[PDB]
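Have a look at the structure below, then the notes.
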Amino acid sequence: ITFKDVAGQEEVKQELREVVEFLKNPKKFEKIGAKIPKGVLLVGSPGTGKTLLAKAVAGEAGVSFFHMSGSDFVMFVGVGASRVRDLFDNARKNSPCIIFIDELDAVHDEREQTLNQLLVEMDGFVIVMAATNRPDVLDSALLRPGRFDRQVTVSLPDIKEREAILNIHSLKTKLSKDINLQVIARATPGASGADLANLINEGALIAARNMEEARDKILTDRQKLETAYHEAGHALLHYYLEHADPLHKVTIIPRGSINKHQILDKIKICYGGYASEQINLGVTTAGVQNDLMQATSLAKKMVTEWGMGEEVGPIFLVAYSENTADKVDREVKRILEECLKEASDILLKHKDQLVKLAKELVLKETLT
Amino acid sequence: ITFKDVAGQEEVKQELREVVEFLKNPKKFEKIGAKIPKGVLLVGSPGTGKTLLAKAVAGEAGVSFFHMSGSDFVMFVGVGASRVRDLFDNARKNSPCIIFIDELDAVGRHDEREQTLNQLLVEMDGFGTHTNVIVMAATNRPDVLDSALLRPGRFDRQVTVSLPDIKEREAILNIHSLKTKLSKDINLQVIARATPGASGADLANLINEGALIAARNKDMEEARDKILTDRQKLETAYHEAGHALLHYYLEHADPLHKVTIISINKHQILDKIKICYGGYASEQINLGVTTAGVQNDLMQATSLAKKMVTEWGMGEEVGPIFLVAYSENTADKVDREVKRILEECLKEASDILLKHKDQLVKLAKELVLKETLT
Amino acid sequence: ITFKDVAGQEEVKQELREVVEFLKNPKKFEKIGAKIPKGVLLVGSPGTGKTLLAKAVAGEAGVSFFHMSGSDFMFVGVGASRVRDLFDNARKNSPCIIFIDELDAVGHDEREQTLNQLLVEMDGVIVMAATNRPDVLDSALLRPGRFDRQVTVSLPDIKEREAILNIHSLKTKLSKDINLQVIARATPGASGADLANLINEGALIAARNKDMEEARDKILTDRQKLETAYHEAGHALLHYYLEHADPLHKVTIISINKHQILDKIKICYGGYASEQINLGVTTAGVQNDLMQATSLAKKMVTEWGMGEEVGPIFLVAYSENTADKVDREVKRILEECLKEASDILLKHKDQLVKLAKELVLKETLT
Amino acid sequence: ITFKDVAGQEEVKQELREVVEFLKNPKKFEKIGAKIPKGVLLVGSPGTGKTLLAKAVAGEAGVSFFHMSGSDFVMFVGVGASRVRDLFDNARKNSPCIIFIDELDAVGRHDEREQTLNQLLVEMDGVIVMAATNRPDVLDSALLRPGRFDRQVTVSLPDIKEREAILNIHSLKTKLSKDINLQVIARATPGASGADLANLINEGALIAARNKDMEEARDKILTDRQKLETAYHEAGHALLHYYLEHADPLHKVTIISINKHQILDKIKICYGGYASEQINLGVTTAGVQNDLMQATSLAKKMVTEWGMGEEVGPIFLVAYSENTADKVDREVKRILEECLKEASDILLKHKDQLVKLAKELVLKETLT
Amino acid sequence: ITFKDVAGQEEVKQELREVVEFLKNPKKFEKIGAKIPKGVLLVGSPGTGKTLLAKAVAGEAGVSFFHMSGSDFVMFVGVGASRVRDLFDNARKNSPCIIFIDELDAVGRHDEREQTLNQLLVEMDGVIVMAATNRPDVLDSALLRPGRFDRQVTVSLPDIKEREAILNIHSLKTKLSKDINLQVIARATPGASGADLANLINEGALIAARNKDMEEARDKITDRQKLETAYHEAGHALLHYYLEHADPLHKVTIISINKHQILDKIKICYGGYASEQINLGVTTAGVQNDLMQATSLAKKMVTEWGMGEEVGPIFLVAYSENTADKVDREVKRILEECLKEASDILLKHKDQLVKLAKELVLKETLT
Ligand SMILES: Nc1ncnc2c1ncn2[C@@H]1O[C@H](COP(=O)(O)OP(=O)(O)O)[C@@H](O)[C@H]1O
Ligand SMILES: Nc1ncnc2c1ncn2[C@@H]1O[C@H](COP(=O)(O)OP(=O)(O)O)[C@@H](O)[C@H]1O
Ligand SMILES: Nc1ncnc2c1ncn2[C@@H]1O[C@H](COP(=O)(O)OP(=O)(O)O)[C@@H](O)[C@H]1O
Ligand SMILES: Nc1ncnc2c1ncn2[C@@H]1O[C@H](COP(=O)(O)OP(=O)(O)O)[C@@H](O)[C@H]1O
Ligand SMILES: Nc1ncnc2c1ncn2[C@@H]1O[C@H](COP(=O)(O)OP(=O)(O)O)[C@@H](O)[C@H]1O
Ligand SMILES: [Zn+2]
Ligand SMILES: [Zn+2]
Ligand SMILES: [Zn+2]
Ligand SMILES: [Zn+2]
């Protein structure tokens, strides 16, 4: 297919071009004697259409496309590895070709040698493209030079990308000018490419039986501000804290050698949503969980592992006395309670600046 | 068979029509260029006759029916997957056809099942092609199912089948009665209420048991006992009355869609905990004693409570700390704050129900009457 | 075999007849359009001759008998193949009876699909099954059609025991000097096979040269019958006096309110009490009685929120202080329920001591 | 072989006769219409020559003998089961025959053995099978059911008399001068095995290759006082059975639904040898371990499971509070410390009666 | 090969002769009707050349030698057992033959090995089998039963004398100038293995081909630490004479029990811990196992054997923390009581202990 079939990929699109450009005219890269990346990995949540982009890459390159899922290869004994080799053998025949390995996470057991085979053909010296919803599950070997050395991240669509996406699948149906897609775009924040595509279908199906009715088959404009505050509080602290680095971007679209002074500023920024959550709404949400968990981990690490604890001391505690335990839990509480204060205070001063970002976020959903 | 062979499904019936309507005239849906759902999942307890409805769908659509159980495919090596493909290959041959996958949980999540299910995925993912084959599935335990199964196209539609009410029960007894000799002496309305929250098959088996008791020589009473009060219906009515009544009075709750006898703010979390304790209260407010039926109600309350303290940092004393081994002192803090948060939420609940007790006691009898209401 | 080969089961016998009657004349049941049970499960201890009855059913019905053990049903699918194979040949000899001894064995591994096959085939001939341990069985086994019928086989009483001895006696040369009624009571709660083996052991002891006494000892008290009589007397007597209990269907020497839960705990403490009230000492036979009481107690406190001190909290992990609360409330609830029990039995002690001796005599009553 | 080749078996010999008598004249047993035991199990330590007796049974009966070890059948998949049937098929051909299954423990407890045993069980249910197990409690209860290994015969380590007798048999197989006295070695080797003794001869005969040599061999296998030490442990145990009301006197004393009152007397007996050791030697041995362990178990059961604890109460404890724990540990200590006293006291009075058994045991080694 | 190819085996050599003598003239043993041992096990650390001696046994007996490793037989299913049978079948063909089973631990520990072992046992029950294990306690009891590996011979790391002797043998295989003294290297390498020494030569011979070179090889791996070790072992051994319920050690090298017996052991376990302080004033880490064993016995006295005053006649091996504190303290009592009797004994006879030390630094072993 075309890159015109994909919307709001712009940066990702240009990132994938260097691959497209390779497959077309490898000679320009062969000219200076420059080895081409064999592997490119697409990381993203389900419905981000990681598959769609892979096809489009081949499309824009007019190159052969061989879709293979990790579920397929992952077979009695060596059958999978045979399928791996087999695929690559036929794939080499249609060179320049693209192989897509959906759920690379899928490929212990026969997978081990299947993976080994996957790694084998790759280093053999055709560009392999892979898609993982859960990338931290991946063996480090997969990311080494040559093999999936390139990595491109696909984000849930923003309001602009959402409306744009609705327009593409809309053409596949007869949509009266009465329905506004910008209205639904915002109505569905952090929805997936496929989620939206299915909404249209659901409506189109509802019509023939006889898009708002379809929204309801998903089984608040205020909660968008609530989220706006969690993210506002997080991001705002990066400028004011010395040992932080300003956020590359601030979004309300789900993203589904360090000094004590550096460690602590992080903990403060983790509390920047527990903060603005009261500063603004006076109540805390459950969305702090991971924010609290990360803070607490760093805190525990300071005390137990890094010996940055005043009371507990320069000891590695990672089975000890209950007395020793109470010491840790207490120093952890302090470090955290301090960092929350410094955070609550900073945001209270610049509250006007924070409340600015909130609505701006409820508007643009994303900014830098 | 017919939708006329099924009782107490009217809403479910209308829900299944959109499938029936597809199989008949796919062109109407192909007109605007609208992709048809490939998969439709029926969720319900055993005996709810999830199978019955699936047949009737094909019946009303005059379509081919291929029953396959998850237990079948779930086989040496790839044999199951072969059976999956095999079924779909022959199923494509009788298009428009319906495939029924009873106990989808059996193949729904690794092992042979993994590729067997990976297979179901590929088979049903058919392609842009119409195919005109719709997969129907029935699961007693749906939370066991792999997320992949519920993705767009594949079992994207989900229809929930409820244990029959008093009306559906009597209606059901009448259908299987015709299959036997029913003396005008047996009243089915009497048995209908006598058997609240019984299953379509449970009732159907009662008839059989009677029919069997006959051949050994009213008699349907002796059969009731071979399954081995009207007061307990009020007891249940109180648990559910207490639960539901609180939804109106609590700001951060949403009124219950129905009441039957068959990113969240602290303020939202707490109201839930109160509602959980609801029936625990009405149980004393009305009967002065508590039942064991609170277990899950208590468990869920306590979970939310623990989450507030430990994970969400919504605890006053414990603080904004993530506690998921720590000091016993730290433990006592959690157990104590959890106890408070719960004891509070129970009070707010017990108090509310005490005032509107007359309104709650209204629902009780009304529940013993309608068994279900909005 | 015949139902005449089985003794002291009239009730079980008459329960199995409805199956026998089906196999003979299915048409009468087909007339009114009544589906016949495909599965019937026999639950009982080892030696209760669950197998014997299954044969006899076919016997009295003159029907084909296919014995298959759960232990039999294997590499991969082989067991399932054997399942299918059996049912295929079994369908050929219809009306036939299939007996699945140790259904527990097939009721994870190949068993799963073997079971699935068992279920599969049944859904498609009456299958009979025997389990010593029925709680191990998947609920699926008991669904309508498939083992929907369940019949419980009890260890033989004094009458059934004597009757049983007489049947295997005919298989040997036992002088009229040996009285089987004497041995019947001498062996309370012995199994059909246990008794049958005693005869054999004697018959064997004879050939080496009344002798049946020497055989009793090669198993390598009339007072202990009263001890048991007290445990069961105490248990049963409380059912009448306690409001929220239901009287016991039988007494042998073989959606719940707080108020209902507590009465049970009291009943559990029945035999514990009576042992002291009568013998002044407690036996070890209280274990399960204590365990069940304690479970209910714990459940009241931890899960059901029926604890005064502990509160409406789900504790099923927590501070030691929170633990001590549970252990203490549990102890109270139990110690209370024992008292209410000990007290009741003390008053009606004369009524309890009545049942005791009567039990040493009738062994079972209602 | 003959029963005359086995020594100190007399009781075991008479026990095995009923089997011998069957194999000879099965008609006598067929006369009264008596089904014959298909299985007979021999239980004993290694070297008790469980195998020897099995052969001799066939010998005295002039019957065919088929030795098969559990280790053999225990065989890829079904191979062993086929071997089971194969043996039984050929065994039925030589009927009346005896099959000996050494290390029945090997086939008697996951897969092959499950079917293997099923097969063993299957074939038996269908020739008398004889089996030998050093560890019988490892065996599945199914093995002991009526017909299948329903008979059980226990073989004891040879006493002083059996020892001397045994030495004499293997002596004939060598050139042992009448100067060496076997009664001297018999007592010198208490609780030695039939094979242990037989090996001593061999080792001596091997030493004779250099050309009171049997003494040098005793040492190459790498106390008259310790015999009294043991005599005291066993004296203390046995003596208590007469004096305690709720006990039953020991069937034998060698140096090779229960009431609280019954439970407690046991605990006292368990403490018997622990006491006598102090009363006589003033010191305790380590040989109390199992004696202590069993006492403590009964004690724990009284408190935790049977509700026979005064302080702890009628509660089933088998996770609880530390306070609840301390209660159990303390009640257990009392119950034991009491039962030890009652024991220590009893033995102190009848010390002269206990000291009597001591030497009598160091003499007769066994008594009733 | 020859027994002359092996050095410092003297006692082991004479121990192996009875095997050699059998294989040569079996009739002498068959004369009186005496069954011959089928199995003989060699127990020793790696490099003790357990293999070397096995060959030499056959050599001095002019008998066939069939080397088979446990790693070999240890195969799909029954494959190894077939290899076992095959070996013994062909081995029977070259009778009188010797079979050597290196790493018997590999087949001696169910799995394929179980039936492979069973086959090993089976075949032996039916040629003398010789086996070598570095870890003998891993071995199934069945292996040691009468006939099957009923004989056991222990092979020791070479002493200073055996070391020098060993160096001389592999020296002949190379061009070693009379300038290098092997007695110098012998002591320089205490508790080194037959192969370790042999490899030193090689390493030197390799260093030569690039061209007192044997010294550079030493480094491609302290005379004071010999005294440190001498003290740990001096303290251990010296206590055996003075303690009533002990038995003196057969030798001292630098390479149903009464309470009274148990306790003396604990004191002995503390010997080296003491002597290190009495002499060097500091304790080493080499006490670990010495402490561990002491503590185990201590714990056993209290918990299992009911030899504890405070804890009582109770079997404790899940209990209250209060009950725990009682145990941990009875132990520190017994343990410190023991270390004391010991520390004192060694303080008095310190002059006797300091003697054994130097004698040890010299003799490396003594009786
Ligand atoms: N640019 C896009 N706009 C809209 N929908 C898209 C886009 N890209 C992909 N999709 C949708 O995503 C779904 C497929 O996602 P896929 O490519 O398989 O990624 P994933 O690996 O996350 O499932 C399809 O339903 C497709 O319509
Ligand atoms: N509408 C109905 N009324 C009465 N009984 C019904 C109805 N639908 C199904 N049943 C009964 O349900 C049983 C089968 O349930 P099934 O369709 O298999 O659902 P499940 O998957 O829960 O077992 C049969 O005994 C049938 O008689
Ligand atoms: N009615 C009976 N009277 C006496 N013995 C009986 C009777 N029924 C069965 N038995 C005995 O029970 C044994 C078989 O029990 P079985 O039928 O296999 O049941 P289980 O499954 O409990 O083993 C045989 O020894 C047989 O003699
Ligand atoms: N009566 C006996 N007297 C002496 N030795 C005996 C006797 N019976 C057997 N043995 C010895 O026992 C050993 C074999 O024991 P075995 O019969 O296999 O029993 P186990 O199963 O305990 O090993 C042989 O060495 C044999 O000499
Ligand atoms: N007497 C000896 N003197 C010196 N080296 C020896 C001697 N015996 C064996 N070795 C050495 O031991 C090594 C082999 O040890 P080996 O016989 O396999 O015993 P292990 O089983 O401990 O490895 C060889 O390098 C050999 O040179
Ligand atoms: Zn509820
Ligand atoms: Zn009871
Ligand atoms: Zn003992
Ligand atoms: Zn040491």
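Labels used: A, B, ... for chains in the order of the structure tokens, numbers from 1 for residues in each chain, and numbers from 1 for ligands as shown.
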Every residue of region 56-218 of chain E that DSSP places in helix (DSSP H, G or I), as JSON, numbers by chain: {"E": [56, 57, 58, 59, 60, 70, 71, 72, 73, 79, 80, 81, 82, 83, 84, 85, 86, 87, 88, 89, 90, 91, 92, 93, 104, 105, 106, 107, 112, 113, 114, 115, 116, 117, 118, 119, 120, 121, 122, 123, 124, 125, 136, 137, 138, 141, 142, 143, 144, 160, 161, 162, 163, 164, 165, 166, 167, 168, 169, 170, 171, 182, 183, 184, 185, 186, 187, 188, 194, 195, 196, 197, 198, 199, 200, 201, 202, 203, 204, 205, 206, 207, 208, 209, 213, 214, 215, 216, 217, 218]}
Selection as a tab-separated table (two decimals) with C-alpha atoms, in the first residue's frame: residues within 6 Å of ligand 3 by only C-alpha atoms and all ligand atoms:
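Everything below was put into part-v6.tsv:
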```
chain	number	residue	atom	x	y	z
C	6	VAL	CA	-25.34	-58.30	46.23
C	7	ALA	CA	-26.63	-58.02	49.83
C	45	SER	CA	-15.32	-46.62	49.82
C	46	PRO	CA	-13.17	-49.53	48.48
C	47	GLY	CA	-14.76	-53.04	48.86
C	48	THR	CA	-18.36	-51.63	48.78
C	49	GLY	CA	-18.37	-53.70	45.50
C	50	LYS	CA	-19.42	-50.74	43.30
C	51	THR	CA	-18.25	-53.01	40.40
C	52	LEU	CA	-20.48	-55.92	41.60
C	130	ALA	CA	-17.26	-45.76	40.50
C	164	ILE	CA	-22.73	-60.92	52.76
C	192	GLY	CA	-17.88	-56.53	51.31
C	193	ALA	CA	-14.40	-57.70	50.12
C	196	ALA	CA	-15.20	-62.18	51.66
```
Minimum-distance residue to chain E, chosen among D:75, D:250, D:120, D:214 (using only C-alpha atoms):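 Using only C-alpha atoms, the shortest distance to chain E belongs to D:75.
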Contacts to ligand 6 at 10 Å cut-off (only C-alpha atoms and all ligand atoms) as a ChimeraX atom specification: /B:236,238-244,275-280,293-298,300
Contacts to ligand 1 at 6 Å cut-off (only C-alpha atoms and all ligand atoms) as JSON, numbers by chain: {"A": [6, 7, 45, 46, 47, 48, 49, 50, 51, 52, 131, 165, 193, 194, 197]}
Using only C-alpha atoms and all ligand atoms: which of E:56, E:154, E:256, E:335 has the shortest distance to ligand 8: E:256
